[PDB]
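Structure provided below as structure tokens; questions to follow.
Going in written order, the chains are labelled A, B, C and D, and every chain counts its residues from 1.
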């Protein structure tokens, strides 16, 4: 064990590692989405910049978990990162319904982790998750939900999608 | 009691108290509409900003009458504020016609209050109403009218509404 | 309907709607007190400014819950806002003890709402309540307490109240 | 008659002259009050500055009436100015109850004049009075009423009056 380790149970150390992987996976789906919308036969630069910033952001989240793992005395164990579930991501609206569901799975994974931290009476870890991750996921979800409604209104394809893309840039 | 009351009749004092309630109700209707247009399944932020400013400006008008009541010597009587007729305000065009409707009611009330003021030979109260309320009300009716015409032209729903929303923002 | 709702239970949604009403009522009580202390026969402008800011900060809290309801997926239900228990709030000290009383009621409500949030394992709702409401409420109770003690020392009426008013300004 | 005179009835010309005198008289009472409070055995510099500014202000009002008399084609007829009703003005509170009543008489005289202007269908003159004089008198009255209440609270004499005077400076 570690010299700084205090009130840090093996269960929570294990879930932070699985969470790290999950965040890297989401970062990777989003990176895949960013350059999909930069294809000449797609050409949605607003959508691309948006999923690029999302990929950055998820990768940021993984690093903060890694830093926390070290801060409490746990040990970072890095696993394989899966291929993006798709190689081609469809229409703008389809890519957004995808990210909505993906941020929801992550939200679900984070809430299960907060439950683990309560159960093990780790107030430091519950505060971490309530302040850096659960706040972030709920805002992210609401933002994409707004976007899905806005994009459906403009017409999810054709001229409306062209205009919506501009406003996302 | 009061030491400033001069040429201030009781049915004008009563009218002002009843007007303060009407203004607070309208403030709460526009507040209601404000947040309706933030629901993730409505997502019309321009409509939301326009109605939040409207809630503000109506609450201001109520405050201004409260200040007036005291300036003249009358006594403020605040009644309960009715719940808005709706929880869901429908489409952007339906909410605009609701506001147009509502502004005209407030205008009619204000014009009755102006009449009562003349009837009792209160030139101060008429001046207050003419400079502070009837001027603003007729302006605000003309604007919501312009808005309704523009929105019907842009196509009341669809891409047009998405575009008309962005100008309101 | 909503596309963002995740881990958002109905009795928390209901509590938030009932809390929004409570906040709007308190906003209207402080509004009432605000203008009471402007009557030409009361003329306590420091007390008036303190209660007008209080009306503002309570209306803000209601708005913040409204924003939260939408962020989580719940649906805002606005009820009628009761008329304040009084039209004349008595002396400066009597109005302060009224506010102290009222703030504690809101605090008790908020603490019940926090309890309901834990009961349903909503760590987001507890975090919202802890950072946004319980923190501000306990601060505001401590301030009105300090105020009440100072005003009783300065002599609750008389010259002391005239002087204590000027500090509040 | 005059080359610019249009829709200006002899009645309204006559009342503007009596009003001019009245304003000069009030200016003169206030000048008398200003230097009363500068006596070594009184020494209330706040009260003095306040009635000095009032004397200025009333004298200003008389001039604006004179200018209006010329603007419409009437002719300024200047009468004797009475001695101030008192040579010694008593306590601070007594001087303020005096000015309150004096501004009320003037308000009464102005309202009678507005009535004359309505009766003669002179919209220019009713607008003049509603915008430069009735607005001014109601504010003045409310201000002095506030002051009478504030001063009674501080204790209308002794230490409280000393402190109130400072705040008026």
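Everything that follows uses one rule, which is that a contact is a pair of C-beta atoms (placed from the backbone, for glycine too) under 8 Å apart; a residue touches a chain by one contact, two chains touch by 3 or more.
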Self-check item: Interface copy of A-B among A-C, C-D or B-C, judged by whether over half of the contact pairs recur
Solution: C-D
Quiz prompt | Pair exhibiting more inter-chain C-beta contacts, B-C or B-D | solution = B-C
Quiz item: With chain centres defined as C-alpha means, what is the inter-centre distance between subunit A and subunit D in Å?
Solution: 72
Practice problem: Could you tell me the distance, in whole angstrom, between the mean C-alpha positions of subunit B and subunit D? | Solution: 37
Practice problem: Please compute the C-alpha centroid of subunit B, do the same for subunit C, then give the distance between them in whole Å. | Solution: 25
Practice problem: Name the residues of subunit A that each touch 2 or more other chains. | Solution: 142, 145, 149
Quiz item: Okay, in this complex, where on subunit B does subunit C touch?
Solution: 1-4, 24, 28, 31-32, 35-36, 38-41, 63, 66-67, 69-70, 73, 75-84, 87
Exercise. Would you tell me which residues of subunit C are touching subunit D in their complex?
Key: 40-43, 157-159, 161-163, 166
Practice problem: Spell out the part of subunit A that touches subunit B in their complex, as residue ranges. | Solution: 142, 145-147, 149-150, 153-155, 159-160, 163-164, 167
Quiz item: Of all residues in subunit B, which touch subunit D in the complex?
Solution: 2-4, 6-7, 70-72, 121, 123-124, 126-127
Exercise. Would you pull the subunit D residues touching subunit B in the complex into a rising list?
Key: 100, 104, 107-108, 111, 114-115, 118, 126, 129-131, 134-135, 138-139, 141-142, 145, 148-149
